[PDB]
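Observations on the three-dimensional arrangement
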There are 2 protein chains.
Amino acid sequence: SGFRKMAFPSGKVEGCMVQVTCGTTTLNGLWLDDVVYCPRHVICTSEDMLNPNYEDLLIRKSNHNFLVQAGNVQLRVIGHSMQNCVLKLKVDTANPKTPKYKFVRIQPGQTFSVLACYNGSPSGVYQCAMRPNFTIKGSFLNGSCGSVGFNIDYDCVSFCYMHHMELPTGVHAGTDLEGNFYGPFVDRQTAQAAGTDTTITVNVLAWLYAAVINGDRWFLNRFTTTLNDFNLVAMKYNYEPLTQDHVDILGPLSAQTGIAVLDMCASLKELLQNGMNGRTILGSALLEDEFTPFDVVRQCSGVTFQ
Amino acid sequence: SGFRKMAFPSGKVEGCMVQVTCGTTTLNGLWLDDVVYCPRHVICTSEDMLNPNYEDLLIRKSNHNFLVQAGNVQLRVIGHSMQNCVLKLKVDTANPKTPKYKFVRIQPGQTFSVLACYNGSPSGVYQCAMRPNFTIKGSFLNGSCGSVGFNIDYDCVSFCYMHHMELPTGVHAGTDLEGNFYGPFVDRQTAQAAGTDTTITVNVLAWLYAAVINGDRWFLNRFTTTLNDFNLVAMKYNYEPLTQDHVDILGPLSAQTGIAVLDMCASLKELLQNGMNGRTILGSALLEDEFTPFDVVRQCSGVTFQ
Ligand SMILES: *[C@H](O)[C@H](C[C@@H]1CCNC1=O)NC(=O)[C@@H]1[C@@H]2[C@H](CN1C(=O)COC1CCCCC1)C2(C)C
Ligand SMILES: *[C@H](O)[C@H](C[C@@H]1CCNC1=O)NC(=O)[C@@H]1[C@@H]2[C@H](CN1C(=O)COC1CCCCC1)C2(C)C
């Protein structure tokens, strides 16, 4: 028993992290086979970053301008190209530690692990969710760009995020590994802002089921509700709508606990309308929305990875 | 910016995890050089575990009774011995992935990363603190025994915890890597209970400094207090006493924020006496006590590991 915000083991990704330096700028790259991926703003300098034209900036660059550090071994760059907001640096050595991998793009509401890195060296690992407004609430300092987010499925790493920037409210924005930004953000230094966020309703319900599985039951009740009547309550409290597909996804957790999904919705309603009255749920005094139904089943059942 | 519960990269420990099976029991082992460490209750069966005599049970065992799985490679056991509550299985192959390491015992209030494992395969990684009552609030299921806790300092892994058991309140107990239990627990199936816990005061203050560094300032005030007057408030709210050494350890964080330690104590007092009034601090509606001053400095400054 117990419930923690759990990341995937990071070993498979650690073996892919490299340092990329161009001019004044040092950031992280992801080395898979004979390509290093990194944010294209590495080719920028502090006055380039106000409003750059990256095609113009990149044609002015040479292979030898890119210094790639694989620990204490330098990688020879033999080609470079730009793919949307990422650079692909072709090197003359394939990474012998390349895991099986996929480039996937995730949906708002889904979770992933982040391996935060500085100078190509991993610093720590933590779990994030993609917010509905396409930001992530991360922990990133100067030099963390190019750190990646990922999930692991048995032995395959699905890379879903590469870090590019911090917005003025302290939240973070970045791209998938094809270089396409999540959300309406651009890799320029102009006034950008996150935009209004909402709470991920289906994840809150999943976490309430995790609490029941772990013996926290005080928030349960005999009442029930309809999906439509629940969603009127969700709208007022800035929760996003619950769909029938969400109800279906919660089915396993419903069946394991014997608590009908719509019954747990009735409990959430009372929690939204009444607060928590000085009590806690799974060690939290807030309704937590960064665990997916998959996360709960994985943790409350013991799935591993090889 | 941002503040997350961050674990250490787990790659160095993943390469040490093996599966140990004896009779009916399968658990995890830690393979360093030519020794595999694991909980000694692997030699038990379900009626042995009520009240066993481990010396009697172990003399009845043979090397060939211990089946050690290093992924899809079997390790030949060539000797076995017991050290307190851990077994040391000598194998004929040194682990080529052995990191530089140390066996250290931690203090209540300190933090570490846990690599949860099943059948020798890592499942996830998360950060824990050793509670004042010597339990940890983990996430562990059947088969997780032998998963280890650790810190990394540059390139050296300091192993501090090996998992043995779950207590009736859902918290967890285990040993250091010398096999000595943290706290007054024993590896038998008899009525044991955690005992009363307290909040780790110095860690709460560290986390309040992390919040200031990240722009959460609403809980600050112009008042101050003396160390003695603070500790009278801490006693009532079941916080442990703050010492002058704690004040000294908080010095760096005090100097970076310009908020005197005793001033932050005055803020904590008002938070304890008034609650939080519907607001949050670093995304939490509770006072968080599982970040050490070191954890805050590491995260709010960007230290890496090679
Ligand atoms: C890359 O290491 C760095 C990571 C930032 C620094 C602080 N926290 C982080 O996550 N990214 C940048 O420096 C980017 C680069 C320059 C400006 N950056 C910012 O993060 C500044 O934040 C603003 C957000 C919207 C308005 C413009 C940028 C770009 C975006 C090229
Ligand atoms: C080892 O994989 C297992 C891990 C437990 C199972 C559930 N969650 C966990 O962390 N440990 C045990 O099964 C130990 C073994 C047998 C009983 N165990 C318990 O955890 C049962 O909990 C009780 C706690 C105090 C009273 C006796 C045990 C021992 C302790 C040998």
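Per the deposition metadata, X-ray crystallography was the technique used to determine this entry, at a resolution of 1.70 Å.

Identification of chain A as 3C-like proteinase nsp5 from Severe acute respiratory syndrome coronavirus 2 is taken from the PDB entry.

A word on the site of ligand 2. Residue and element names in this part refer to chain B. Contacts to ligand 2 come from 18 residues, most closely from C145, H163, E166, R188 and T190. A distance of 3.2 Å separates an oxygen atom of ligand 2 from a polar backbone atom of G143. At 2.6 Å, a backbone N or O of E166 approaches an oxygen atom of ligand 2. For ligand 2, whose free accessible area comes to 640 Å², the fraction covered by protein is 83%. The dominant element in the shell around ligand 2, judged by the number of residues it contributes, is strand β12 (residues 156–166), at four residues. Grouping the constituent residues of the shell around ligand 2 by class yields five nonpolar, ten polar and three charged.

Residues and elements named next belong to chain A. Taken together, 18 residues lie around ligand 1, and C145, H163, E166, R188 and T190 are the ones closest in. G143 has a polar backbone atom sitting 3.2 Å from an oxygen atom of ligand 1. Within the backbone of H164, an N or O atom sits 3.0 Å from a nitrogen atom of ligand 1. Expressed as a share of its isolated accessible area of 630 Å², the protein-covered part of ligand 1 is 83%. Ranked by residue count, the leading element in the shell around ligand 1 is strand β12 (residues 156–166), at four residues.

For the rest of this paragraph, the subject is the packing of helix α4 (residues 227–236) of chain B against helix α7 (residues 261–274) of chain B. How two helices pack is summed up by the angle between their axes together with the distance between the axes. Residues and elements named next belong to chain B. Closest axis-to-axis distance for the α4/α7 pair is 10 Å, and the angle between their directions is 25 degrees. Relative to α7, the element α4 is oriented roughly parallel. As α4 packs across α7, the resulting crossing turns out to be left-handed. Between α4 and α7, the contacting residues are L227, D229, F230 and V233 on the first element and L262, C265, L268, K269, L272 and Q273 on the second. Split into classes, the residues belonging to the contact of α4 with α7 amount to seven nonpolar, one polar and two charged.

Quick look at the pattern of salt bridges now. A side chain with one charge can pair with a side chain of the opposite charge if their charged atoms come near. Per the counting criterion, the structure on display carries 18 salt bridges over all chains. Residue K5 of chain B pairs with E288 of chain B through a salt bridge whose shortest N-O separation is 2.6 Å. Taken together, the positions of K5 of chain B in the segment before α1 (11–14) and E288 of chain B in the loop between α7 and α8 (293–299) put the pair 283 residues apart, joining distant regions of the chain. Taken together, the salt bridges that share partners define one network made up of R4 of chain A together with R131, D197, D289 and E290 of chain B.

All told, the structure shown has 20 aromatic pairs over all chains when counted by the stated rule. A ring pair is formed by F8 of chain A and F305 of chain A, whose centres lie 5.0 Å apart and whose planes are at 75 degrees; its orientation type is edge-to-face. In this pair, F8 of chain A is assigned in the segment before α1 (11–14) and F305 of chain A in the segment after α8 (293–299), connecting sequence segments 297 residues apart. With a relative accessible area of 2%, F8 of chain A lands in the buried category. When its relative accessible area of 8% is taken as the criterion, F305 of chain A is described as buried. A ring pair is formed by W218 of chain B and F219 of chain B, whose centres lie 5.7 Å apart and whose planes are at 85 degrees; its orientation type is edge-to-face. In this structure, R298 of chain B packs its charged tip against the face of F8 of chain B, placed 4.3 Å from the ring centre.

On to the interface of chain B and chain A, then. If you look at the interface, chain B gives 46 residues, while chain A gives 46 residues. With both sides pooled, the region where chain B packs onto chain A buries about 3,300 Å², and carbon together with sulfur makes up 51% of that total. Among the residues chain B hides against chain A, the three largest losses belong to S1, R4 and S123 of chain B. Together they make up 22% of the total. The interface formed by chain B and chain A includes two salt bridges. A salt bridge links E290 of chain B to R4 of chain A, with the shortest nitrogen-to-oxygen separation between them at 2.9 Å. At the junction of chain B with chain A, the criterion picks out 31 residue pairs in polar contact. Mapped by element, the contributors of at least two residues to the side of chain B that touches chain A are α1, β9 (111–118), β10 (121–129) and α8 of chain B. With eight residues, the single largest contributor to the side of chain B that touches chain A is β10 of chain B.

So, how was this worked out
- Residues numbered from 1 in each chain as written, not as in the entry; some residues may be left out.
- Chains lettered and ligands numbered in written order.
- Heavy atoms only, no water.
- Residues with missing side-chain atoms left out of burial classes, pairs and counts.
- Near = heavy atom within 4 Å.
- Polar contact = N/O pair within 3.5 Å; in protein donor to acceptor, adjacent residues only side chain to side chain.
- Areas by Shrake-Rupley, 256 points an atom, 1.4 Å probe, with all protein chains shown as cover.
- Helix = DSSP H or I, 4+ residues; strand = E, 2+ residues; numbered from the N terminus.
- Nonpolar A, V, L, I, M, F, W, Y, C, P; charged D, E, K, R; others polar.
- Axes fitted to C-alpha atoms, helices over the stretch in contact; angles between N-to-C directions.
- Parallel < 35°, antiparallel > 145°, perpendicular 65-115°, else oblique.
- Left-handed = near helix turned anticlockwise from the far one by under 90°.
- Contact = heavy atoms within 4.5 Å.
- Salt bridge = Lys/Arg side-chain N within 4 Å of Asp/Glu carboxyl O.
- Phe/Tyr/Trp six-rings, centres within 6.5 Å; stacked < 30°, edge-to-face > 60°.
- Buried < 20%, exposed > 50% of the residue type's maximum accessible area, 1.4 Å probe, protein only.
- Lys NZ or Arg CZ within 6 Å of the ring centre and 35° of its normal.
- Buried area = accessible area lost by both parts, 1.4 Å probe.

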